[PDB]
Amino acid sequence: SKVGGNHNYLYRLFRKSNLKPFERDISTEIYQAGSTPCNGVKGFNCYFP
Amino acid sequence: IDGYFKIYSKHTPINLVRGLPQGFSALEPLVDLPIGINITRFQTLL
């Protein structure tokens, strides 16, 4: 813990489906949580995963 | 299977021109790879 807030520990917030045991994913592509498909870098229902 | 990549190898002395061998042969496990990658497709080298 750091007094200014340790932001080095990152973790995913959105994912398409349940993963498998002992499996790791590295791709940080923007998740298309909305009904319509999303592209670009940002947008509504297009959050940083 | 669950991130374990298994190599099965066998050297078989054959005398054939175009036909697949007519016989039986066991296949030992050579080396198991614990790398644990995500795989979809494959290509060979010529």
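Remarks
- Of note, B:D2 does not satisfy the criterion of being among the charged types (D, E, K, R) and part of a strand (DSSP E or B).
- Any chance A:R12 is away from chain B (no Cβ under 14 Å) and either in contact with a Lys or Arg (Cβ under 7 Å, 6 or more places away or on another chain) or of a type in the set (K, R) (or both): yes
- Flag for B:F42 being free of Cβ contacts under 8 Å to residues at least 40 places away in the same chain, in contact with a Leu (Cβ under 8 Å, 6 or more places away or on another chain) and under 30 Å from A:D25 (Cα atoms): no
- Among the residues examined, B:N15 does not qualify as without any contact (Cβ under 8 Å) to a residue 24 or more places away in the chain and either touching a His at 6+ places or on another chain (Cβ under 7 Å) or within 14 Å of chain A (Cβ to nearest Cβ) (or both).
- Test: residue in segment A:30-42 that is within 14 Å of chain B (Cβ to nearest Cβ), polar (S, T, N, Q) and within 30 Å of B:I1 (Cα to Cα): no
- Against the test of being within 12 Å of the chain's Cα centre (by Cα), among the small types (G, A, S) and not in a strand (DSSP E or B), the options A:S1, A:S35, A:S17, A:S27 yield a single qualifying residue, A:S27.
- Only residues that are loosely packed, with under 10 Cβ neighbours inside 10 Å and on the phi > 0 side of the Ramachandran plot were counted in segment B:2-22, giving 1.
Values in this text are rule-based calculations from the coordinates and carry no lab data. We place every Cβ from the backbone using ideal geometry, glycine too, and count neighbours over all the protein chains shown.
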